[PDB]
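This document contains two forms of one protein chain, each encoded as structure tokens and listed individually as structure 1 and structure 2.
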Structure 1
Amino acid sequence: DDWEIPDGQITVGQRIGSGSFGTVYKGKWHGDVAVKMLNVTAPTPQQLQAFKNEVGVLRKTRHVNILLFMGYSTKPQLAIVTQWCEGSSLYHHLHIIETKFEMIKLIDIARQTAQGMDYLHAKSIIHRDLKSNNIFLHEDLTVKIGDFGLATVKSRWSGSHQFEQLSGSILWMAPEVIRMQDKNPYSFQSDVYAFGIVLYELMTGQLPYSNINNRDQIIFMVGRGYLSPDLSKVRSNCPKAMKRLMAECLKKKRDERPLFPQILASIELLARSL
């Protein structure tokens, strides 16, 4: 119950890219891992102990559809060490490589994703940052959900106050999360909303708000309830029971959205049904 990796253990290699709260390097550590050099460079010792606690809970997470959290380091700089996926992010498949999956396999991707999410909520873990960039397709088949939790390194602390600076990608963000108006905007249904957007990806082959090209325009209108993903764009042959499920996750008021126990259930029903 004190998980830290020392220096000289982690062979930091190629610079892979940067996200909403760190920069990732492919490192080595008893095999390929993923080394994410957090953006909170100088951690306050009140922030530093909250991070330690949260790593404890991410460490005890073990699920087929979850990327293993292997602990962290602090030697050069504060960082994070997780499994290395040889797959490509679902985002890459859908919007860059434009992989041509069958509807049978699309629905399976949705099923395993709700499968993993359901375990996280079962262990009372809010992802906070569920998007198709954080979903890899390991060996081109299994789904693996990374970048979960970690509320304390995505908050930029003052001295002892975690005031969540809205960051992440604005798509996938539930309206109440956009607004940052009521304390704990991140909730199990904020994740369901995110999940619903990822269904939109799967069912349409497009990101939401394709006809809008203004970052701040989307932030304001979605937060105000004026903007909503155009479900018209769902492909011709996507199940009727599927589109309805997507629409329930996208409800503007969080309390109307379903939780994952029910959501996963819904997916398995239309799964065998064809």
Structure 2
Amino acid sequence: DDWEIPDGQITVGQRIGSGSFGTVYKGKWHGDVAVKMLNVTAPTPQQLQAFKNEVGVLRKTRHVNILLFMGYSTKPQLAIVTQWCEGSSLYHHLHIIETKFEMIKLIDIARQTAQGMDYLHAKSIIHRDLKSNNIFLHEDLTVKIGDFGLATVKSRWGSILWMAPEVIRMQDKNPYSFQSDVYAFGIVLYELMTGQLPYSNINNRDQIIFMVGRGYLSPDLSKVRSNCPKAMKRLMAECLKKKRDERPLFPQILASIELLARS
């Protein structure tokens, strides 16, 4: 039941940025692969725990819309090897190059993301940092949900715009939940339908945190493109509800999208 990659086989190449913990490179191992590795002499016991936790999470997943984990190595460095994604993140498409998707596709990118999040939740995985730059649009047609951090381009302002109000406040030692993820998804939906990030009219970062937490500030739903189906706008609204128990789970969401995915 083994996924260790023996030493000397992975050829580390270009250098892409910085992951959850380490540094991500473009590599070669039975084809193009992505290699996250801790560039250190000796791992700390906590660092080695992170590694174990991440390998433990990725090895539970086998789904077209989740980043394909291929193996790991511990022989010179700690290193996770995943598939290599071609193209760019949703964030880059929507907010950097201003890509011009047709609604039929915007809904598809939504549908696929919904599939992957449904899957993760099925296997008791809470993503905790879902956002558009963690959605790679592979080959320009296939969502691949990852946890890149800085492998792909970074968001405007941790990462504030996708945090549900209860996550922002930080009352509990753990405010994260299937529903915290659903709120995140709700903002991704907002991005897709508006083409924009939320709260464009505020330049102060602390003010956004304060207000979204207090439920004084909410995404401006009037900005959704006029050819966006009322089902999708209504669904967006239900994912963005401020009370978390009032948010739908993904089985429901996936249904709702699959429904409107005719006409």
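Residue numbering: sequential along structure 1, first residue numbered 1. Rigid core: the largest C-alpha set superposing within 1.5 Å between the two forms.
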Mobile residue between structures 1 and 2, C-alpha criterion 2 Å or more, rigid core, from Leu227, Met246, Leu67, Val33: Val33
So, superposing on the core, is the move of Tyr119 at the CA at least 2 angstroms between structures 1 and 2? no
Checking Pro261 here: with the core superposed, does its CA move 2 Å or more between structures 1 and 2? no
Superposing on the rigid core, is the Cα displacement of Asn53 between structures 1 and 2 2 Å or more? yes
May I ask for the C-alpha shift of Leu137 between structures 1 and 2, in Å, based on superposition of the rigid core? 0.7
Following alignment on the rigid core, what Cα displacement (Å) is computed for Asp182 between structures 1 and 2? 2.3
Core superposed first, then measure: what is the displacement of the CA of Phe148 between structures 1 and 2, in Å? 8.4
